[PDB]
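This is what each chain is made of:
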Amino acid sequence: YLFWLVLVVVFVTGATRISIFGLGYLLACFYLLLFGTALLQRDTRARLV
Amino acid sequence: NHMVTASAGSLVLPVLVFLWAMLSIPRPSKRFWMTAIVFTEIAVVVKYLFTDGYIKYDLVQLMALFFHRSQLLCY
Amino acid sequence: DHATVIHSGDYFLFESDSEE
Amino acid sequence: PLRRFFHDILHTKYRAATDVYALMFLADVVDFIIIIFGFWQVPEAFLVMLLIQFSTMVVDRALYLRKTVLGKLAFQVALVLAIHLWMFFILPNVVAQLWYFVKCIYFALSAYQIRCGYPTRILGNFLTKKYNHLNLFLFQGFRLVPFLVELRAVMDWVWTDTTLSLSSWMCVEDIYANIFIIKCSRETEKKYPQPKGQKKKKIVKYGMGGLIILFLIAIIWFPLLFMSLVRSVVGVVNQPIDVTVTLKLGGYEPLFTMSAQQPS
Amino acid sequence: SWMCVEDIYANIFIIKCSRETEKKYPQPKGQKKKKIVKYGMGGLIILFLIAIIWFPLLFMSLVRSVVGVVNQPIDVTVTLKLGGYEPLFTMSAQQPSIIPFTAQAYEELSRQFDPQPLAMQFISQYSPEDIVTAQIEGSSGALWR
Amino acid sequence: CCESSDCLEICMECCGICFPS
Amino acid sequence: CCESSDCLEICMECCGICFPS
Amino acid sequence: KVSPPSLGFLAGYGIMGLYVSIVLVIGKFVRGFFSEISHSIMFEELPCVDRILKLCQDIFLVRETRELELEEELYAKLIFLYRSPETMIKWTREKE
Amino acid sequence: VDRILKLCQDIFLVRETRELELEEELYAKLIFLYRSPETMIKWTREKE
Ligand SMILES: CCCCCCCC/C=C/CCCCCCCC(=O)O[C@@H](COC(=O)CCCCCCCCCCCCCCCCC)COP(=O)(O)OCCN
Ligand SMILES: CCCCCCCCCCCC
Ligand SMILES: CCCCCCCCCCCC
Ligand SMILES: CCCCCCCCCCCC
Ligand SMILES: CCCCCCCCCCCC
Ligand SMILES: CCCCCCCCCCCC
Ligand SMILES: CCCCCCCCCCCC
Ligand SMILES: CCCCCCCCCCCC
Ligand SMILES: CCCCCCCCCCCC
Ligand SMILES: CCCCCCCCCCCC
């Protein structure tokens, strides 16, 4: 579940620092929460790009 | 969330919970859960774009709605 | 008529005829 | 199209059948209680909310006794929207947050009724199902609520298909109520029999008797006590702030107004 | 015993009238109870019960709610009692000098003290043509004694 | 749509609620 | 020393004073 | 501004307590109908009351003709009809 | 009071199935039980 605690931090880093970078962090979270369970088992070693 | 925030915040999803999700063929649907996630994300984005000093009870909302998604994906 | 049928009760109804 | 399909599958369907009216009504009773308690423009608002809780409970009883799933659908839809729009009319709060919460439970159990269906056997008082001691006490308490008993009777009569008039409907309700109370007592005496010729237990007597005596004491003495206590409190110091001695002398022009005030 | 025979007769008459009317106009065996009849009687009873609890509350609140009659100081009597022995300085004014503040005037005062919440609150809460102006006269002429 | 027949019915039955029958 | 058995007895019998049995 | 007291007693508790008391007593008044309606179905659900009104009207007739000896006798019938519920059933039978 | 609650519950059952003809008939039993005290004694006997 560490893949996912990082997703939490990604969300909250945006929330705390209200900026444009923060909106980007929010988006990065939204995405890797949706398309995330897929690459939690497909990015284990197969291209964690 | 509708008990901690009001107006356009909530009052869309709570209404839909009572009128769509709970009034459905067995398990709500897939579109309900998708629209719930989408609305919560949109609300977060627009509250971030400023309401000022936005609260984030939509964090625990989005994450619970994605937890249920995982539970129903595993079936 | 409703009146006559609600005022028709007699003792014969309460006889103990195999009331299970 | 999709909306029509949703509604079709909420009406025709192929589901089970549950009776969650008891719980829906209990939720609404709690709601009524907290709105009554929450009297704190505000009185007018709380009075409108009273009339509302009441009217909605009556409509609910109608749809339950008429077993209308379509009617319940309509009611639910309307009520959801209206209660949520009443959140916008906040202009006359923990009380309101709790009222929303308990109404949400009502909406959840109501939604369940619609998506399950109405069971064939709907008649029969909830608290007359078993014949124990708890059922006895609860039933008697329901009968002690000012107008619940009579409202239930009249309301049910109006919806339920009967051949009898209100007078006769009320007769069968009274008979049943009394018969139930007797049955509960008979059952408890069979469950816990009392030996033949066993006094009456000193303590039991002392308790009931004592309570009655104390209640009678509070009919006569207590009011007198309260009255005297309040009325007795009398006496707030009143001292002349100033000493205005106007020695009106001259008949034509009264003068000599040399006088003093608080410092002196 | 006279009252006994009167009661019996009264009750017996009422029953007879009902029996007679049922013979005159019989009701089919097993014919519901007519939806409308039910709705009428039941409705009336419910409304009567509503008027036992709700209506009194409504009336009560309606009457009690009406509160608020403007009270403005007619005069501004500032007696600056100075001399301990003989308090004087009674230069003061009355209604002509006293100015019932208008709506616009009220806005001015409220805005002057808008930064301080409670200051503005006082002014704003007091209704327009409520806050009166203390234009106390300062000129003397009245020598002192 | 309260008919006169219904109207007498209503009245008489409220009378029965108070008075006998 | 009011026992629970006594306590139910008391309650039920006051209920009988008002309600039937 | 001044506040005119349009309460009289006390809106907060005086009038409130009175209202509650009224409701309760009206409660008991209304219960007075739907509580013991079943204790009279023996004096109010009589199928044919024709024979009893004859008795009652005979008492009246015998008081107009001032034959008060028969008043006492017909009163005795009335009170026994109402002292034995089973004879009321017999006397109030629909046909005979 | 077991035999009387059966009567009362039969009236309720017959109103749910909407056979209201038998509602009138079972109401007639109820009112005669309560019109003759002696039949109440018979019907409410402990054993039989
Ligand atoms: C679950 C919580 C229960 C309490 C709810 C809120 C409490 C409201 C008031 C409850 C007070 C309880 C006292 C019950 C006394 C029993 C008497 C009774 O009829 O209790 C009745 C129910 O009537 C009521 O509405 C209860 C209120 C009675 C009023 C007594 C309160 C005293 C204050 C007023 C003093 C004046 C008294 C009246 C003046 C003249 C009236 C003509 C119950 O027999 P029942 O026939 O259905 O029996 C069936 C077979 N016998
Ligand atoms: C007294 C009849 C049984 C009902 C149980 C609760 C009714 C109120 C009595 C105690 C309330 C404080
Ligand atoms: C029947 C007497 C028992 C004690 C009174 C019960 C509670 C009613 C409130 C009256 C105040 C004592
Ligand atoms: C028995 C209830 C019928 C409606 C009330 C009759 C009129 C009485 C005056 C009370 C005001 C509603
Ligand atoms: C036939 C009159 C209507 C039913 C009685 C209700 C009390 C009077 C309200 C309206 C009077 C015409
Ligand atoms: C106007 C509302 C009721 C006022 C008094 C009318 C009495 C109602 C009689 C019920 C049947 C005649
Ligand atoms: C003031 C005139 C209105 C009549 C009072 C009430 C009459 C109907 C109430 C109950 C019906 C018996
Ligand atoms: C079992 C409760 C004691 C008997 C009832 C008296 C009324 C309540 C007083 C104390 C409540 C626990
Ligand atoms: C606190 C003294 C009594 C207040 C109300 C309690 C009611 C008594 C119920 C009697 C048996 C449950
Ligand atoms: C206010 C809640 C207390 C309940 C009122 C009295 C209940 C017990 C009184 C008589 C017992 C039936």
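Its PDB record attributes the structure to cryo-EM, giving the resolution as 3.2 Å.

K.L.:
For this particular structure, what's the right way to read the overall build of chain A?
P.N.:
Looking only at helices and strands, one finds 3 helices and 0 strands in chain A. Along its sequence from the N terminus, chain A presents helices and strands in the succession α-α-α. Principal-axis analysis of the C-alpha atoms places the extent of chain A at approximately 35 × 20 × 15 Å. Put simply, chain A has 49 residues, and 27% of those count as buried. Accessible surface, chain A: about 3500 Å² in total, of which carbon and sulfur atoms supply 73%.

K.L.:
Got a minute to help me understand the overall build of chain H in this structure?
P.N.:
Scanning chain H from N- to C-terminus turns up 4 helices and 0 strands. Overall, chain H shows an N-to-C arrangement of helices and strands of α-α-α-α. Taken over C-alpha atoms, the radius of gyration comes to 26 Å for chain H, far larger than the 12 Å a tight globule of 96 residues would show. Within the span of chain H, comprising 96 residues, buried residues form 36% of the whole. Expressed as a percentage of contacts within chain H between residues at least 6 apart in sequence, the contacts between residues at least 24 apart total 48%.

K.L.:
It is not clear to me how unusual backbone geometry should be interpreted in this structure. Could you clarify?
P.N.:
Trans is the common state for peptide bonds, and a negative phi is the common state for residues other than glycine. Non-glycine residue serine 7 of chain B carries a positive phi angle of around 60°. The backbone phi angle of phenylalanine 89 of chain E is positive, close to 50°, even though this residue is not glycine. Secondary-structure assignment places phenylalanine 89 of chain E in the loop between helix 2 (35–65) and strand 1 (99–100).

K.L.:
Before we go on, may I ask you to explain a negative patch on the surface in this structure?
P.N.:
All names here are of chain H. A surface patch of negative charge is lined by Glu67, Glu69, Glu72 and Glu73. Following the sequence through the fold, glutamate 69 ends up in helix 3 (residues 68–81). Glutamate 69 gets classed as partly exposed once you look at its relative accessible area, which sits at 43%.

K.L.:
What am I meant to see in the packing of aromatic side chains here?
P.N.:
Aromatic rings considered in pairs are described by the distance between their centres and by the relative angle of their planes. Throughout the structure, instances matching the rule amount to 32 aromatic pairs over all chains. Between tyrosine 31 of chain A and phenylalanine 35 of chain A, the ring centres sit 4.5 Å apart and the planes meet at 40°, which makes this aromatic pair tilted. Seen in terms of ring centroids, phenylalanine 33 of chain H and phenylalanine 34 of chain H are 6.0 Å apart; in terms of plane orientation they differ by 80°. Their pairing is edge-to-face. Taking relative accessible area as the criterion, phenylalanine 33 of chain H reaches 37% and is therefore assigned partly exposed. Taken together, the ring pairs in this structure connect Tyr11 and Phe14 of chain C together with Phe32 and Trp43 of chain I into an aromatic cluster. Its guanidinium or amino end placed over the ring of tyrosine 106 of chain D, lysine 103 of chain D lies 5.3 Å from that ring's centre, counting from NZ or CZ.

K.L.:
What should I look at first to understand the site of ligand 2 in this one?
P.N.:
Around ligand 2 sit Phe137, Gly141 and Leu144 of chain D together with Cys15 of chain G, and that is every residue in its neighbourhood. Looking at the residues close to ligand 2, they fall on chains D and G. When ligand 2 sits alone it has 380 Å² of accessible area, and the protein chains cover 32% of it. Here the shell around ligand 2 is built from residues that sort into 3 nonpolar, 1 polar and no charged.

K.L.:
How should the pattern of salt bridges be read in this particular structure?
P.N.:
Should the charged atoms of two oppositely charged side chains come close, the side chains can pair. Applying the stated criterion across every chain, the model contains 26 salt bridges over all chains. In this structure, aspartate 161 of chain D engages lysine 32 of chain E in a salt bridge whose closest nitrogen and oxygen atoms are separated by 3.5 Å. Remark: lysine 32 of chain E occurs in the loop between helix 1 (2–24) and helix 2 and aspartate 161 of chain D occurs in the loop between helix 7 (148–159) and helix 8 (166–191); the pair is interchain, linking two chains. You can call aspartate 161 of chain D buried: its relative accessible area is 4%. Residue classification places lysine 32 of chain E among the partly exposed residues on the basis of a relative accessible area of 33%. Across the salt bridge formed by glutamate 20 of chain E and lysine 23 of chain E, the nearest N and O atoms sit 3.0 Å from each other. Residue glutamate 20 of chain E and its partner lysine 23 of chain E are both found in helix 1; the two are separated by 3 residues, about one turn of the helix. Taking the relative accessible area as the measure of exposure, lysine 23 of chain E reaches 53% and is therefore exposed. Counted as one network, the salt bridges with shared partners bring together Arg66 and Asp161 of chain D, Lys32 of chain E together with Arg18 of chain I.

K.L.:
Would you mind going over the side chain of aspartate 130 of chain E with me for this structure?
P.N.:
Looking at where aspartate 130 of chain E falls in the secondary structure, it is placed in the loop between helix 4 (117–125) and strand 2 (132–133). What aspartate 130 of chain E contacts, discounting residues up to four positions off in sequence, is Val70, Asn71, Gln72 and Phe101 of chain E together with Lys1 of chain H.

K.L.:
Please explain the packing of helix 1 (residues 2–16) of chain I against helix 2 (residues 20–33) of chain I as it appears in this structure.
P.N.:
Helix packing for two helices is described by the angle between their axes and how far apart those axes are. All names here are of chain I. It is at 9 Å that the axes of helix 1 and helix 2 come closest, and there the two elements cross at 160°. Here helix 1 is positioned roughly antiparallel relative to helix 2, judged by the angle of their axes. Seen along the crossing, helix 1 lies across helix 2 with a hand that is left-handed. Contacts from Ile4, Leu7, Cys8, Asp10, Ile11, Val14 and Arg15 in helix 1 reach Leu20, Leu22, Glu23, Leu26, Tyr27, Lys29, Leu30 and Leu33 in helix 2. By residue class, the composition of the contact of helix 1 with helix 2 is 11 nonpolar, no polar and 4 charged.

K.L.:
Hey, could you run me through the interface of chain E and chain H in this one?
P.N.:
Interfaces are frequently sized by the accessible area removed from exposure as the parts join. With 27 residues of chain E in contact, the opposing surface of chain H contributes 29 residues. Contact between chain E and chain H buries roughly 2600 Å² in total, counting both sides, with carbon and sulfur atoms accounting for 70%. Three residues stand out in chain E for area buried against chain H, namely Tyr9, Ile12 and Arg64 of chain E, and they jointly supply 21% of the buried area on that side. Linking chain E with chain H are 1 salt bridge, by the criterion used here. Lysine 16 of chain E is the partner of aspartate 50 of chain H in a salt bridge, and the nearest nitrogen-oxygen pair spans 3.1 Å. Connecting chain E to chain H are 9 residue pairs in polar contact. Mapped onto the side of chain E that touches chain H, the elements with two or more residues apiece are helix 1 and helix 2 of chain E.

K.L.:
What am I meant to see in the nonpolar core here?
P.N.:
In globular proteins that are soluble, nonpolar side chains generally tend to be buried together. Grouped together as the largest cluster of nonpolar side chains are 106 residues, with contacts concentrated most on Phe54 and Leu166 of chain D together with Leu30 and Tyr34 of chain I. Broken down by element, the residue count for this core peaks at 13 residues, all from helix 8 of chain D. Residues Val10 and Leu33 of chain A together with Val44 and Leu59 of chain B belong to the second largest nonpolar core, which totals 22 residues.

K.L.:
Explain a nonpolar patch on the surface here, please?
P.N.:
On the surface, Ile212, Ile213, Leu214, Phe215, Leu216, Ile217, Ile219, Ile220, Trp221, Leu224 and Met227 of chain D together with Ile17 of chain G cluster together to form a nonpolar patch covering roughly 1200 Å² of accessible area. The biggest single contributor to the nonpolar patch is helix 9 (residues 202–232) of chain D, with 11 residues. Tracing the chain through its elements places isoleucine 220 of chain D in helix 9. Taking relative accessible area as the criterion, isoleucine 220 of chain D reaches 55% and is therefore assigned exposed.

Conventions used here
Residues numbered from 1 in each chain as written, not as in the entry; some residues may be left out. Chains lettered and ligands numbered in written order. Part of a larger assembly, values for the part shown. Heavy atoms only, no water. Residues with missing side-chain atoms left out of burial classes, pairs and counts. Helix = DSSP H or I, 4+ residues; strand = E, 2+ residues; numbered from the N terminus. Buried < 20%, exposed > 50% of the residue type's maximum accessible area, 1.4 Å probe, protein only. Areas by Shrake-Rupley, 256 points an atom, 1.4 Å probe, with all protein chains shown as cover. Rg over C-alpha atoms; globule rule 2.2 N^0.38 Å. Contact = heavy atoms within 4.5 Å. Patch = residues over 30% accessible without salt bridge, like charges linked within 9 Å, V, L, I, M, F, W, Y side chains within 5 Å. Salt bridge = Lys/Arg side-chain N within 4 Å of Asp/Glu carboxyl O. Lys, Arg positive; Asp, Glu negative; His and termini not counted. Charge placed at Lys NZ, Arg CZ, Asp CG, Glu CD. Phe/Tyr/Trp six-rings, centres within 6.5 Å; stacked < 30°, edge-to-face > 60°. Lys NZ or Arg CZ within 6 Å of the ring centre and 35° of its normal. Near = heavy atom within 4 Å. Nonpolar A, V, L, I, M, F, W, Y, C, P; charged D, E, K, R; others polar. Axes fitted to C-alpha atoms, helices over the stretch in contact; angles between N-to-C directions. Parallel < 35°, antiparallel > 145°, perpendicular 65-115°, else oblique. Left-handed = near helix turned anticlockwise from the far one by under 90°. Buried area = accessible area lost by both parts, 1.4 Å probe. Polar contact = N/O pair within 3.5 Å; in protein donor to acceptor, adjacent residues only side chain to side chain. Core = buried A, V, L, I, M, F, W, Y, C linked by side-chain atoms within 4.5 Å.

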